[PDB]
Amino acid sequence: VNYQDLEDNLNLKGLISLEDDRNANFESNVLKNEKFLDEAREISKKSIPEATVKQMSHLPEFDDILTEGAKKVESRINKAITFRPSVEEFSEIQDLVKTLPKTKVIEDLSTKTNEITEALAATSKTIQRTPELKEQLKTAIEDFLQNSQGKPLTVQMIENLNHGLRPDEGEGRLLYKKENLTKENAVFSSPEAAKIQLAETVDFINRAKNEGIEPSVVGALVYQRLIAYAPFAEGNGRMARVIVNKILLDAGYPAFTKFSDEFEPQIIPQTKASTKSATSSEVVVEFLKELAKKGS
């Protein structure tokens, strides 16, 4: 699919180029990354009897057997998140962006803090009923916006943000997840793969903004992959939404909440065979449709 001669005022072509390069280097940076491989090797060996491990170490295929499964998972995840639209989707995205509510004056930090806090509470009964919890998240949000404003985003800011969004937690908790975790039939990246690609997503957020790539589309993609990678032990959902909404609000767009209950499980791979799967570009389109409704 060549996009060279398509109508484009969103710099979708610059975005796709960015994605092509990351995808081309994905095997090198992730699949062949030795820390990731060691992680896979250790995970796999845990269930294998030691005497069987001793036997297998004599066989040339052992390392690949150890790393095959983990690698296929990351490839499936990367396949799902890599933005590569059809010509139709390309054109539809050009259309949708024009229908998006967009203020010409950008609201101040305190107003953003409130809109992002309200967006978080909108999908959570627990935050709606617990003012102390809501106020804590408000503080973390204000703190994040404060430190990220007019600066390159860093992994450190996100770590601080994630921790701030985990207030009822107790002391001494792990920040990042220590093992492959799941819930609601979800497939997430491994801990190490998630760390590698969190750093990549950060750089993507900084690069896309510099190239003036359409923020609503940047927001959509960031939402999907941060949730797919899910690097942290807890609060990956809140964290992704705060970051995406900084991206949207910076451009004058309204805040995003969630997809429908029927579409959400399609945005990342699932352990359940029956659940439908949505491409990255299909996720972007739906994201834009949801975002366009926010005025009403």
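Heads up: residue numbers just count along the shown sequence, starting at 1.
Taking the PDB entry as given, 237 to 245 carries the higher mean Cα B factor of the two stretches 224 to 232 and 237 to 245. Look at the mean CA B-factor for 103 to 111 and for 75 to 83 in the entry; the higher one is 103 to 111. Note on 189, 201, 154, 126: the highest value goes to 126, judged by CA B factor as recorded. Set against one another, the Cα B-factors of 211, 179, 184, 159 in the record reach their highest point at 211. Sort the chain's modelled residues by C-alpha temperature factor and residue 117 lands in the highest third, per the entry. The deposited CA B-factor of residue 15 belongs to the middle third of values across its chain. Among the modelled residues of its chain, residue 197 has a C-alpha B-factor that falls in the lowest third according to the deposited record.
Split the chain's modelled residues into thirds by C-alpha temperature factor. Residue 217 is in the lowest one. Per the deposited record, the Cα B-factor of residue 283 falls in the middle third when ranked against the other modelled residues of its chain.
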